[PDB]
Amino acid sequence: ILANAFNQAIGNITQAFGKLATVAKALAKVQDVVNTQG
Amino acid sequence: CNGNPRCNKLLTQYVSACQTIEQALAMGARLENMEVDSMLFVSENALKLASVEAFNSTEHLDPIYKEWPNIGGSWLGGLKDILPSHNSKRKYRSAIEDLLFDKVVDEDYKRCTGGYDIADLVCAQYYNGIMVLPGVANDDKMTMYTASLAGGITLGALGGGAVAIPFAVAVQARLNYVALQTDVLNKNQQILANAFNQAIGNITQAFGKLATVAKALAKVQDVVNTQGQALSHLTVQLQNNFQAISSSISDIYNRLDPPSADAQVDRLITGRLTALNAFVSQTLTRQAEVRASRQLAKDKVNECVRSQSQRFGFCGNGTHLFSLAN
Amino acid sequence: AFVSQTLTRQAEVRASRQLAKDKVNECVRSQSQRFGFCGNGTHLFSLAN
Amino acid sequence: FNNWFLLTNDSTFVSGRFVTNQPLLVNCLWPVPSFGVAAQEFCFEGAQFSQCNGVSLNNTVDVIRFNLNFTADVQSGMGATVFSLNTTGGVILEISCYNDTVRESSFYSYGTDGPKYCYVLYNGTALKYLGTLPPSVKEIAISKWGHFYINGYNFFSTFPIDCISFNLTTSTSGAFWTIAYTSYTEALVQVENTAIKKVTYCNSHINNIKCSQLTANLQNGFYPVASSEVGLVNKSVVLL
Amino acid sequence: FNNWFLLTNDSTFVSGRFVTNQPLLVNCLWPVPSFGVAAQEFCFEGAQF
Amino acid sequence: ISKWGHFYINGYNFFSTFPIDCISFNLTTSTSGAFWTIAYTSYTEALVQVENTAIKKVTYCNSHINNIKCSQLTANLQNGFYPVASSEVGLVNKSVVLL
Amino acid sequence: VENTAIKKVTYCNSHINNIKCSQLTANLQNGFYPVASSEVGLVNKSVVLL
Amino acid sequence: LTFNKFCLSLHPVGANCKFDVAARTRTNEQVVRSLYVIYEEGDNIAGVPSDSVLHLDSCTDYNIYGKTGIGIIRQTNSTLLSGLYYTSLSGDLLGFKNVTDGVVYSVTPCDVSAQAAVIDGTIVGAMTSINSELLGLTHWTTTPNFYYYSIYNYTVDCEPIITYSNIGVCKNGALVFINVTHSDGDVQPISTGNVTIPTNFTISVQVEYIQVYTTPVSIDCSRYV
Amino acid sequence: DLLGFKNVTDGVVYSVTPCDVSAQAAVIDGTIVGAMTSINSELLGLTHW
Amino acid sequence: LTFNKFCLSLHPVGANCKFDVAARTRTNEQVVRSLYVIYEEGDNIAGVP
Ligand SMILES: *[C@@H]1O[C@H](CO)[C@@H](O[C@@H]2O[C@H](CO)[C@@H](O[C@@H]3O[C@H](CO[C@H]4O[C@H](CO)[C@@H](O)[C@H](O)[C@@H]4O)[C@@H](O)[C@H](O[C@H]4O[C@H](CO)[C@@H](O)[C@H](O)[C@@H]4O)[C@@H]3O)[C@H](O)[C@H]2NC(C)=O)[C@H](O)[C@H]1NC(C)=O
Ligand SMILES: *[C@@H]1O[C@H](CO)[C@@H](O[C@@H]2O[C@H](CO)[C@@H](O[C@@H]3O[C@H](CO[C@H]4O[C@H](CO)[C@@H](O)[C@H](O)[C@@H]4O)[C@@H](O)[C@H](O[C@H]4O[C@H](CO)[C@@H](O)[C@H](O)[C@@H]4O)[C@@H]3O)[C@H](O)[C@H]2NC(C)=O)[C@H](O)[C@H]1NC(C)=O
Ligand SMILES: *[C@@H]1O[C@H](CO)[C@@H](O[C@@H]2O[C@H](CO)[C@@H](O[C@@H]3O[C@H](CO[C@H]4O[C@H](CO)[C@@H](O)[C@H](O)[C@@H]4O)[C@@H](O)[C@H](O[C@H]4O[C@H](CO)[C@@H](O)[C@H](O)[C@@H]4O)[C@@H]3O)[C@H](O)[C@H]2NC(C)=O)[C@H](O)[C@H]1NC(C)=O
Ligand SMILES: *[C@@H]1O[C@H](CO)[C@@H](O[C@@H]2O[C@H](CO)[C@@H](O[C@@H]3O[C@H](CO)[C@@H](O)[C@H](O)[C@@H]3O)[C@H](O)[C@H]2NC(C)=O)[C@H](O)[C@H]1NC(C)=O
Ligand SMILES: *[C@@H]1O[C@H](CO)[C@@H](O[C@@H]2O[C@H](CO)[C@@H](O[C@@H]3O[C@H](CO)[C@@H](O)[C@H](O)[C@@H]3O)[C@H](O)[C@H]2NC(C)=O)[C@H](O)[C@H]1NC(C)=O
Ligand SMILES: *[C@@H]1O[C@H](CO)[C@@H](O[C@@H]2O[C@H](CO)[C@@H](O[C@@H]3O[C@H](CO)[C@@H](O)[C@H](O)[C@@H]3O)[C@H](O)[C@H]2NC(C)=O)[C@H](O)[C@H]1NC(C)=O
Ligand SMILES: *[C@@H]1O[C@H](CO)[C@@H](O[C@@H]2O[C@H](CO)[C@@H](O[C@@H]3O[C@H](CO)[C@@H](O)[C@H](O)[C@@H]3O)[C@H](O)[C@H]2NC(C)=O)[C@H](O)[C@H]1NC(C)=O
Ligand SMILES: *[C@@H]1O[C@H](CO)[C@@H](O[C@@H]2O[C@H](CO)[C@@H](O)[C@H](O)[C@H]2NC(C)=O)[C@H](O)[C@H]1NC(C)=O
Ligand SMILES: *[C@@H]1O[C@H](CO)[C@@H](O[C@@H]2O[C@H](CO)[C@@H](O)[C@H](O)[C@H]2NC(C)=O)[C@H](O)[C@H]1NC(C)=O
Ligand SMILES: *[C@@H]1O[C@H](CO)[C@@H](O[C@@H]2O[C@H](CO)[C@@H](O)[C@H](O)[C@H]2NC(C)=O)[C@H](O)[C@H]1NC(C)=O
Ligand SMILES: *[C@@H]1O[C@H](CO)[C@@H](O[C@@H]2O[C@H](CO)[C@@H](O)[C@H](O)[C@H]2NC(C)=O)[C@H](O)[C@H]1NC(C)=O
Ligand SMILES: *[C@@H]1O[C@H](CO)[C@@H](O[C@@H]2O[C@H](CO)[C@@H](O)[C@H](O)[C@H]2NC(C)=O)[C@H](O)[C@H]1NC(C)=O
Ligand SMILES: *[C@@H]1O[C@H](CO)[C@@H](O[C@@H]2O[C@H](CO)[C@@H](O)[C@H](O)[C@H]2NC(C)=O)[C@H](O)[C@H]1NC(C)=O
Ligand SMILES: CCCCCC/C=C\CCCCCCCC(=O)O
Ligand SMILES: CCCCCC/C=C\CCCCCCCC(=O)O
Ligand SMILES: CCCCCC/C=C\CCCCCCCC(=O)O
Ligand SMILES: *[C@@H]1O[C@H](CO)[C@@H](O)[C@H](O)[C@H]1NC(C)=O
Ligand SMILES: *[C@@H]1O[C@H](CO)[C@@H](O)[C@H](O)[C@H]1NC(C)=O
Ligand SMILES: *[C@@H]1O[C@H](CO)[C@@H](O)[C@H](O)[C@H]1NC(C)=O
Ligand SMILES: *[C@@H]1O[C@H](CO)[C@@H](O)[C@H](O)[C@H]1NC(C)=O
Ligand SMILES: *[C@@H]1O[C@H](CO)[C@@H](O)[C@H](O)[C@H]1NC(C)=O
């Protein structure tokens, strides 16, 4: 059960990264860092 | 530009800077809002137990605790200044919170355009394009968060209703965590409760009118003053002529031909853009500092309030027993 | 002005790097006993990319 | 935007997105078909013609643009004159290209295959030397204020033009080309390698936000805007 | 300060604290009583009345 | 009324005339039975608190503590350390050195 | 200079001396320093006009 | 325009500034003469278009006591015993007084800043301080802090796509209030009476980004300057 | 700064580059031992590369 | 005040700056003439009371 839940969570995270509040926060943070550097 | 169409046409060549300024401010606000939203939470049963009236009654105690008259017990004298009470202006407000928010310190923008009186400072700033985002919701969420944290200590179970245990039982559990108690008969929680009540009373007296209390008051006053001064400076920067005949765009356009008026307005445009850039830089620096402070606060809540930390000297000077938050 | 801004950013990133080092040492290379440090819930293990 | 360029008086942008006021409001579009002749004495007073493709506006025309490859197959039916200019005060200027160099304040001596030297004539004599025709002319834009743009760059200017005459054809090449009667408007233009790739007109509220944000793909969120525009208003004066 | 105002050549402040140079050093105060007449040809050379 | 010719009505200078050497009046309240005041005043520096265009409090910078109060823009100084000047310079000799 | 008296003079006559003069010190610490790759002297003139 | 003294002359002596007399032809403009001006600031003398009008409750171009702008002027019940006109911290006129009767008038901007919500490349709603239509929106609702116009049919339960604080906007344009997150609670270290122990566990994965290093830049100061 | 231009006669493009560029000199024990440069030419009295 | 050269003139040619000659009445001051100054910095010439 734990392995199946882990696999499903990782798949959903990969789908979010390819195109879940933590994922959105991380994407916003890294984009802000890049833009501030530029 | 103070609503002048010709100034907007001139600024269309500087739209990139306004785009840079606005995006930097909207992204900072969004990031802060997403970390505050992730930080806070409440519990329904804990909120139902978190009040002075609930601690002063025995309607929630389990039948096994028949000897105890109420939840608060001998500690209630110190807990009445920290727990929310019904004799407060706002919901989930305690005496100490009211004292702090009065000693140290509207969001409705519909009144600014009514014109029923002379506009005050906030409405005048709004006329200049400066808006203060709502913050009362954050204060309400924080007070509910602290109330739920306080009420969760006496919650005996999580899968059902609001069943409570005496506060002395929780204190005894914390003492056993510190060191395994071996004298069951000769319990002396009365001395600890009296000392706690006296300390809370002295703290309340200090807050109403003790180096830690003075340090906290100075820190919060400094935070408020720093918040105010930046906006005051940004507003006052609009009176600078920037080597022009006037600081009013309408006066310039009413006194000069358009070819000279545009040249006069360009200097004001450049100066105001520079001022906005400086304000944005200061805001971003403050936001980073407050992000670090928020990380520290989250660590303190997780390790001193919701649990008993094993780190030496982290939750104050001495052997930590429990922490409360307001 | 550019130098001042760069130094301020560098100090902020130094603090962030200290936080990242703590996270790596206590959540990835070991199992921390600090409550709520490695996420919301009972921590099991952490991976890094 | 194959034969369309951004007009400039200076260096030209290579890549990026810019909000600019350009002659892009197409009052009329005349497609000259294969083996066709486009001859007109167009005066800048409107372009509601029957040959316009689509719907023609009633606004005044600011710029007239000829989009075609100016190769050896392009011929004029007014001789060496490609453009006849009538300016203020009834002063006639001609843009004429020859196969031989013409001396200053002189006329062509011999009046097909080779370099062409172009001149401005006032009274049948060479007034200004414009240079040789380059082999890569793709568009010629003319403004009623007297400015000429070749591939986007203003190479020469004359007196303000009341009304201009031409008579062009593609000879036997059988190539169709375009004439655009356009007016100035504000728009966001994306350029890659000095070539127009995308144009977004700020003609709506959402388009206004797009132009303000310098992007055609707005992310979901909140953006500051103005609640309305002020137009014709009364005047109030109070004095002691 | 019921019948006292801050002198200004321009717009007047509504609220706040300001350090200003104002005519406030009272050389003399003459209270005209009820049913009284105040008549004087005062020349600006002192008010020791 | 100022001796330089300026007239203030409720605080605002509505009109000005030539400098006034000396001015004459003859006023009364008739049968209203109301007492009023005339003030002969001079210019001085002070901290004034205004609420709704009305004077509420005036603090004169006439002493060292009052000078600190005026410098800090408050009539209720908190306990602490404040920067001040050790003295004032008045009438002084003049020294000139040249080659 | 110490007490209005000359104590040490370093001439900027070499590349290392140029770096020393740029860094305002006669004892350079080990590290990387920005320099110019060469100097431009006598050069031809090119004019392009329409 | 108001002055205390205004004189025109053909001689440069004592002149504060000068005008440029020019001849305009069909194609050129050439300066020929100079006209010198001697002026003093004030309000005794005023220039007029030809040899006291106040519009109320409507947007207008106002010139009041030398202060010009665009705004709406409204009578007030307020009483201010001192002064003639009042300005904000930035120098904008906020109100003035009628000298005849002492009535106070207030001045407000005709247009104000608003917040437009953009979801999927279209405008679905707008937050504004004025109860008037904007951005092609007709339906509206009232909130304690602002008016909210929306494409949603206002005379709602939906998922908020864009949220700030307690405010969320749905794709249909509806406005929803966001509450604080709820949880069951924390397990307490109590071994007396009836207690609950978590038994059935699943797996949750949480992502956290942390910055480690910057992108350093070297600058040749001599080459930059 | 000008980066390039075009010959009007034939449309040929020309590019313009600076004659001298910034370089990084390595100083160990008060002497220059090496230099990092973007141009394959001798500099600072160094021959081998 | 010290100068290396100080000259007064009634002609504007070669003047670094000019003074404003005015007539003061009981209520007004009016500029009538201009006096031009040609000066050089230094210490050879010094003005004294
Ligand atoms: C390269 O540089 C040249 C030279 O500077 C530029 O040429 C200018 O082009 C602009 C348009 O792009 C011309 O502007 C126009 O001026 C006309 C003359 O204006 C006078 O009259 C009006 C009242 O009729 C007065 O307000 C004004 O002060 C002048 O006295 C105007 O008639 C035009 O206005 C009308 O048209 C525009 C639309 O084009 C409307 O928006 C207006 O409301 C109005 O209806 C217009 O403003 C300008 O005159 C040209 N200058 C010269 C010296 O000829 C090129 O544009 C520039 N090229 C590039 C690519 O930047
Ligand atoms: C609204 O605007 C008006 C007009 O500008 C202001 O009126 C000015 O008021 C001030 C006082 O507030 C007047 O200042 C005074 O000027 C007198 C004339 O000065 C001349 O002579 C002295 C030497 O005698 C020279 O140093 C000087 O350069 C001038 O040539 C002075 O005699 C006065 O000085 C004496 O009195 C003051 C106290 O008032 C002492 O401190 C001085 O040491 C000295 O004894 C004085 O300085 C000024 O002249 C007025 N201007 C005009 C044009 O009339 C209003 O004040 C202003 N209102 C408000 C509310 O701001
Ligand atoms: C840190 O992580 C903890 C868990 O470790 C999170 O706590 C969980 O929070 C969620 C979200 O609030 C809780 O789930 C909610 O439970 C409510 C009550 O559940 C009923 O139904 C279940 C059915 O199995 C019964 O077991 C249970 O007893 C209740 O009868 C639900 O009402 C909630 O439903 C939501 O969705 C429906 C569908 O639309 C809506 O109608 C509801 O209004 C509601 O939105 C939801 O299922 C969960 O119980 C919590 N778990 C624990 C262990 O505490 C924290 O939130 C997290 N902290 C942070 C800050 O993120
Ligand atoms: C994202 O997570 C969701 C769950 O939150 C995943 O959907 C779940 O997918 C599993 C299978 O991976 C479904 O379980 C069942 O699997 C067995 C396998 O033999 C199959 O026989 C059953 O018919 C059933 O499919 C589960 O029901 C499903 N849950 C939901 C709510 O849809 C989803 O796959 C994850 N996405 C990615 C990209 O990994
Ligand atoms: C602040 O703390 C001080 C102590 O540091 C408190 O003063 C103490 O008050 C207690 C009572 O609350 C005194 O103890 C005794 O109480 C019994 C009660 O029955 C009484 O019978 C005795 O006569 C005695 O009062 C204690 O002596 C006293 N200590 C001192 C040093 O004064 C004080 O009350 C606290 N203040 C607040 C506002 O809570
Ligand atoms: C005017 O000059 C332009 C070039 O500036 C000519 O456009 C070019 O026309 C040729 C021949 O049709 C195109 O060649 C084609 O290239 C594509 C590769 O993308 C290939 O797949 C086709 O099979 C064919 O070989 C060329 O791409 C095209 N260039 C552009 C930029 O469109 C144009 O034909 C000339 N017009 C006249 C009337 O002479
Ligand atoms: C000159 O005008 C002022 C107003 O600008 C008059 O002052 C006002 O006098 C009336 C009548 O005495 C006061 O009314 C009182 O109001 C208080 C409320 O605060 C109330 O408790 C009293 O019973 C009474 O009704 C009024 O407050 C007062 N206003 C101010 C600002 O002081 C003044 O009397 C006039 N003087 C002459 C000589 O006519
Ligand atoms: C957000 O959640 C809180 C906590 O559950 C809600 O507070 C309840 O408010 C109602 C209405 O006044 C009370 O009867 C309940 O007792 C409160 N619950 C608790 C646990 O204190 C609050 O109403 C919610 N807000 C919204 C907008 O839905
Ligand atoms: C454009 O040029 C063509 C070519 O010169 C003109 O066609 C000539 O028209 C005249 C009568 O106007 C005939 O006598 C010629 O024989 C025509 N020449 C050819 C080659 O066909 C045409 O008229 C011109 N168009 C306009 C509008 O003036
Ligand atoms: C150039 O344009 C001018 C505009 O004035 C033309 O001159 C006008 O010609 C018409 C012909 O019908 C006369 O009625 C007008 O009286 C003329 N106006 C003036 C001011 O002279 C001129 O003919 C045009 N030139 C050419 C070669 O067509
Ligand atoms: C100030 O108020 C007075 C009245 O107190 C206004 O004067 C009135 O003006 C109107 C329009 O001209 C006349 O019809 C009335 O007879 C006037 N009433 C009087 C003289 O008592 C005056 O217009 C106001 N000033 C403004 C609004 O700027
Ligand atoms: C803990 O819960 C249990 C049930 O899970 C309670 O036992 C029940 O108590 C009720 C009320 O008196 C009786 O009617 C049932 O017969 C009891 N069940 C059993 C199996 O004994 C128990 O009382 C609870 N304990 C406390 C301290 O509240
Ligand atoms: C632009 O290119 C042309 C050729 O397309 C160059 O012209 C040549 O110039 C040289 C040197 O004077 C002559 O010997 C050739 O005969 C010319 N060739 C021609 C006219 O076809 C011209 O110099 C170039 N311009 C530059 C490099 O600035
Ligand atoms: C007249 C304005 C009243 C107040 C309006 C408040 C709500 C709308 C604006 C929200 C701003 C959000 C800033 C963070 C960036 C984002 O997530 O878009
Ligand atoms: C001539 C000065 C000698 C040094 C004097 C040092 C002591 C007095 C000043 C103390 C400054 C304290 C600054 C912190 C703010 C405060 O607590 O007042
Ligand atoms: C043409 C330059 C190519 C890149 C050269 C990279 C290496 C040399 C410079 C290193 C800079 C080191 C900066 C840190 C300070 C130091 O330790 O000296
Ligand atoms: C100006 O006021 C008149 C009435 O005096 C009104 O009819 C007109 O609409 C107003 N014009 C505006 C507001 O542009
Ligand atoms: C100036 O010096 C004299 C002696 O030369 C002395 O008596 C006098 O007090 C001095 N004045 C000052 C210091 O103001
Ligand atoms: C200039 O160019 C000539 C050839 O035209 C060449 O011999 C000479 O060395 C050049 N001078 C420089 C580069 O200083
Ligand atoms: C202002 O006066 C009107 C009547 O003219 C009254 O209806 C209104 O309530 C008053 N407002 C206030 C705030 O007194
Ligand atoms: C909006 O809802 C009302 C409810 O009375 C209904 O009458 C009306 O037709 C609806 N409008 C639209 C556009 O659906």
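Quick note: numbers below take in every heavy atom, side chains included, and nothing from hydrogens, waters or symmetry partners. Numbered from 1 within each chain, the chains take letters A, B, ... in sequence-line order. Whatever order the structure lists them in is the order used to number ligands and atoms, beginning at 1.
Only the side chain of H:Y164 comes within contact range of ligand 14, with a heavy atom under 4.0 Å; no backbone atom does.
For the side-chain hydrogen bond (donor to acceptor under 3.5 Å, both in side chains) test, residues two or more places apart in sequence or in another chain that qualify with D:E139 are D:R65, D:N67. For H:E208, the side-chain hydrogen bond (donor to acceptor under 3.5 Å, both in side chains) partners two or more places apart in sequence, or in a different chain, are C:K23.
Side chain to side chain, D:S227 and H:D111 fail the donor-acceptor criterion of an N or O pair below 3.5 Å.
A donor-acceptor contact shorter than 3.5 Å links the side chain of B:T113 to the backbone of H:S129.
Considering B:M131, H:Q115, B:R30, B:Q23 only, the shortest heavy-atom separation from atom 16 (C) of ligand 14 involves B:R30. Here the shortest heavy-atom distance to atom 4 (C) of ligand 9, taken over D:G77, D:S76, D:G79, D:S165, belongs to D:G77.
Remark: ligand 19 atoms within the under-4.0 Å shell around heavy atoms of G:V43 are 14 (O).
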